[PDB]
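To start, the structure under review is shown below, and the notes come after it.
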Number of protein chains: 4
Amino acid sequence: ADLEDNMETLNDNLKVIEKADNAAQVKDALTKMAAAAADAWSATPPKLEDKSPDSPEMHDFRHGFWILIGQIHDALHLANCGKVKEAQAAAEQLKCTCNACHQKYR
Amino acid sequence: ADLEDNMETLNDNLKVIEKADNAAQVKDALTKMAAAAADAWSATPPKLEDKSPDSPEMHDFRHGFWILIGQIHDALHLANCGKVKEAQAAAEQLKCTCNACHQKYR
Amino acid sequence: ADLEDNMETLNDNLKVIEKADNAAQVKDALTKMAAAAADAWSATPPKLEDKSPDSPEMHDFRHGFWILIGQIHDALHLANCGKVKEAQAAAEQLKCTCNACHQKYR
Amino acid sequence: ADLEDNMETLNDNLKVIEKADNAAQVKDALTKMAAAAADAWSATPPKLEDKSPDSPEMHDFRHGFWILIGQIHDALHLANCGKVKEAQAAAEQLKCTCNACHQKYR
Ligand code: HEM
Ligand code: HEM
Ligand code: HEM
Ligand code: HEM
Ligand SMILES: [Zn+2]
Ligand SMILES: [Zn+2]
Ligand SMILES: [Zn+2]
Ligand SMILES: [Zn+2]
């Protein structure tokens, strides 16, 4: 899918985690977010279209998706192990990674 | 994009890194390995076909691909930084993770 | 050695990184922050003096220092590899981890 | 707190994990290993005494302790989650990190 379709998946599933009742709901939404981050990684965003593929800006853009996937790995351990409130708080902290990339490149 | 094809991609690229001429060749092989691990994670392997998706065996099988992806993230920092011999030594340490999964599930 | 002294070291070194001109200055400040977080990990804060060491609250308090030290490991690769602006932006993103612990336990 | 004393602590606690009966014994041993690896990071090993503290070899030596502590972080999630057999298998995989540093620098 294209970059804007993957951003709608990340935004919709963050809202599902905030309102979730149980572990199965939080694990399914975190899994869908990790798949959307892995697919977004191959895109070139509109503000970087004139840059080279190997530019420092394109390295920094791709790096943000590696960081988001490592944060989701840790939150999945909490959601699978009777720490669902701690996993919901971890998902709130993902917003710092979303906002950093938007401020530079959106 | 079946499990056997993803395994071929992992094995061929590990060999490219061992014999590489420069940093560009190491970075391109490590990136192909990470794409194949993200694709392999969705498979149910032949020996676990009779188990639940929520079984402790299927959680441990999926977990090995998350561990491989985090090891590749660190090796990519070394390869991009003028630390090419260090990145080739890190790629040889991935074999620990490959062998642990094979002894249990292949 | 006390928790308040370690917190002053973390805050002072964030300010040094924001004002830095070169890689050596950023790497030195990040290293001092990692040593202060590793010393704070064994402390008990005033609001948790009544709790078991194996309570969920004490597990979550110690977890925040494990997360902070992993974020400093990633920023140190950027600082060593000449990516000074990218290491400064990573240090600004640490504030998310500081703010989350303080809202729960300060 | 010398390098040889920290190494004895790492070796004794690794052996505890292999034949442990319960989660509490595996959590206590992993925590003792993380504190010994953090204290070892400040030492200069006899074979690197004539190198600069900023040499590529001293950066690689320090990096091995950062890698070991990230591996202990993930194994502590499994030991706290009722996944004691999975934590014992993760501890077997630490051996690849111990053996890679010894082959270079011991
Ligand atoms: C969970 C974290 C994230 C959330 C919730 C999120 C959410 C969104 C939303 C709702 C949009 C607007 C889509 C529209 O036009 O309707 C968007 C766009 C965008 N995002 Fe994110 N995002 C996240 C992380 C990231 C990261 C980590 C990066 C970069 C590493 C990033 C880069 C972008 C860019 C470049 C656009 C603009 C796409 C365009 O205009 O074609 N986002 N995001
Ligand atoms: C870089 C590390 C790895 C390398 C080089 C590697 C290599 C291989 C090779 C060459 C095959 C034989 C494929 C064939 O039938 O032609 C294989 C099969 C397999 N591997 Fe891996 N592997 C790696 C990591 C893993 C990991 C981490 C897991 C589990 C988390 C895993 C699970 C399997 C399974 C289940 C099969 C058997 C598939 C079948 O019989 O259909 N592998 N791998
Ligand atoms: C780089 C991130 C951090 C910065 C800049 C920072 C800064 C500070 C500052 C300036 C204080 C006030 C010290 C005083 O009253 O004298 C403080 C207190 C405190 N911090 Fe942090 N902090 C950070 C991370 C954390 C983390 C990750 C945790 C928990 C995991 C934490 C737990 C606390 C607690 C519990 C206090 C209250 C101490 C007391 O009242 O005795 N801090 N911090
Ligand atoms: C859990 C992993 C590890 C175990 C079980 C382990 C165990 C040991 C043991 C039993 C010794 C013998 C000490 C003596 O002769 O008195 C030793 C020495 C040594 N180890 Fe480790 N070790 C581990 C990880 C590491 C790592 C990661 C590094 C480097 C990053 C390292 C570097 C050394 C060096 C340099 C010596 C020689 C010290 C001397 O001769 O003064 N070790 N280790
Ligand atoms: Zn964690
Ligand atoms: Zn590293
Ligand atoms: Zn990174
Ligand atoms: Zn894990």
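Round to a whole angstrom and tell me the spacing of the C-alpha centers of the range A:1-43 and the range B:5-56.
Each part's Cα centre sits 23 Å from the other's.
Taking the label point as lying 7 angstrom from Cα along the Cα-to-Cβ axis, what are the distances from C:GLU18 to the corresponding position in the remaining copies, in ascending order and in nanometres?
2.7, 5.1, 5.1
Near the amide H of B:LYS83, under 5 Å away, which other amide H atoms are found, from residues 5 or more places off or on another chain, if H is placed in the peptide plane?
none
Please give the charge dipole size of the protein assembly as shown, origin at the Cα centre, charges +1 on K and R Cβ atoms and -1 on D and E Cβ atoms. Round to the nearest 20 debye.
I would put it at about 20 debye.
If each label sits 7 angstrom from Cα along the C-beta direction, how far apart, in nm, is A:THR44 from its counterparts in the other copies?
4.1, 4.9, 5.9
Considering the rotational relationship between chains C and A, which residue of chain C contributes the beta-carbon of minimal distance to the axis, and what is that distance to the nearest Å?
That would be C:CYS96, 2.
Quick check on my link table: of A:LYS19/A:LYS95; C:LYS32/D:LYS27; B:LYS27/D:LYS95, which ones sit more than 22 Å apart, alpha carbon to alpha carbon?
Exceeds cut-off: C:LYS32/D:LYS27; B:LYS27/D:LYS95.
Using the Cα centre of chain A as origin and beta-carbon charges of +1 (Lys, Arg) and -1 (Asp, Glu), tell me which of A:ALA100, A:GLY64, A:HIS77 is placed farthest towards the positive end of the dipole.
A:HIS77
Mind checking which of D:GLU92, D:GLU57, D:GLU49 has the largest fluctuation in a GNM of chain D, springs on alpha carbons under 10 Å?
D:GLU49
Compute the long axis of helix B:23-40 from its Cα atoms, compare it with the longest principal axis of the Cα atoms of chain B, and write down the angle in degrees, 0 to 90, nearest 10.
10
Between copies, how close do the C:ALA89 label points come, placed 7 Å along Cα→Cβ, listed in nm from shortest?
2.9, 3.1, 3.9
Counting pairs of alpha carbon atoms under 8 Å apart in space and at least six apart in sequence, what relative contact order in percent does chain D give? Please list the in-between numbers first.
On the way: 96 pairs, mean separation 32.6, N = 106.
For chain D, the relative contact order is 31 percent.
Only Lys, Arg, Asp and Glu count, each charged at its Cβ (+1, +1, -1, -1), so figure out the dipole size of the range B:1-96 about its Cα centre, rounded to 20 debye.
Computed about the Cα centre, the dipole is about 460 debye.
In what order do B:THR44, B:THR9 fall by count of nearby beta-carbon atoms within 10 Å, going from fewest to most?
B:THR44, B:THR9
In Å and on Cα atoms, what radius of gyration and Dmax does chain A show?
14.4, 48
Quick one: grab the alpha carbon gyration tensor of the protein assembly as shown, order the square roots of its eigenvalues as a ≥ b ≥ c, and give me rounded if a/c is under 1.5, else prolate or oblate depending on whether a/b is larger than b/c.
Values: a/c = 1.10, a/b = 1.07, b/c = 1.03.
Cα axes put the protein assembly as shown in the rounded bin.
Going by a 4.7 Å Cβ-Cβ cut-off, which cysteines of chain A have no partner at all?
That list is A:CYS98, A:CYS101.
Cβ coordinates were reconstructed from backbone atoms using ideal geometry, including for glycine residues, and neighbour counts include every protein chain displayed. Every read-out reported here was derived from the displayed coordinates using simple, explicitly stated rules and does not represent laboratory data.
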